[PDB]
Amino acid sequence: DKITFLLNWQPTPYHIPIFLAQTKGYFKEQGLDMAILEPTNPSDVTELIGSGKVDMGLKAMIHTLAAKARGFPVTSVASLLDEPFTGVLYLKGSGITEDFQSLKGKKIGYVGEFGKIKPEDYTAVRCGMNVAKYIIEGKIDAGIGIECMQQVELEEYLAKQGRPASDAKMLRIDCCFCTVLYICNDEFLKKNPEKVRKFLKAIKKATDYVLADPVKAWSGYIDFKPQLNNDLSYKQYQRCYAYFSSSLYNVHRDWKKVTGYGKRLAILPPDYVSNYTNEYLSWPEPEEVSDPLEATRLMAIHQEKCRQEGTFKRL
């Protein structure tokens, strides 16, 4: 009766509520036995969870949508990381500029979930979990990544060469495709609704600890995961801080845009039903966000200040 949970990636600073809920016993007080596993190959995650060989884990929304549309019955039962900035990252002097014209002829990395999606002006490379590595090494010219993960990694390289952190640029998409969701195998959820419900309580307890005291929370996480005891993970942690979902709720507007955007581009069927639910959350849902797009422009500026000032601040 162990429950398996497959992370979306190798351990990250934003994986912190999951591990913390384990090391502080929160799963235990719920009568839950979590076996948290890590993937060697992030592309395995949806097929694994979908087929049922793994009960639960983490996955981005773009990929969670595609899974259902690929025959892998999975469902989102909570939100871990809400709308982190996604895009084509590059170094100043690449030579890519603020214009997309400069991306022509260049070589661009991505994780490799997709495959074939002006087909031969760019050159796609499949880098898996090493997109930012390969940019730094020049193997690729640019690559897809996240503002609080892959961009921070570019800036850590720049800092070692004495270069300002702003030399790490992003061609920004524009949402969001890259929200990290807690997911379940549909079958497991149907037969274990109480367990999933108890799982999310422990998650919520540890998220609260994380958001109330990011520092004390981190010290314990890195005592348990020394591979993250470094300056790069601590900066990434600082930039994830604002992206963490405090309520864990699926945001209906976000789901509605992406799915509707998908239907308008003929990618998803026009009767596709979005594969989330907020029903296993055991506490009240927060009000909708009033100015949804202007809070997007505020976030960029806020993340801009985090990069320079080195702190923990929610938007």
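When you see a residue number, it is the position in the sequence shown, counting from 1.
The entry models residue 174 and residue 175 with a gap of 4 to 9 deposited residues left without coordinates.
Unmodelled deposited residues between residue 117 and residue 118: 10 or more, per the record. Looking at mean Cα B-factors across 50-58 and 260-268, the upper value is held by 260-268. Relative to one another, 97-105 and 142-150 have unequal mean CA B-factors, and 97-105 is the one with the higher figure. The PDB entry assigns residue 233 a C-alpha temperature factor belonging to the lowest third of its chain's modelled residues. Per the deposited record, the Cα B-factor of residue 123 falls in the highest third when ranked against the other modelled residues of its chain. Compared with the other modelled residues of the chain, the Cα B-factor recorded for residue 43 ranks in the middle third. Ranked by C-alpha B-factor against the other modelled residues of its chain, residue 156 falls in the middle third. Among the modelled residues of the chain, residue 64 sits in the middle third by CA temperature factor in this PDB entry.
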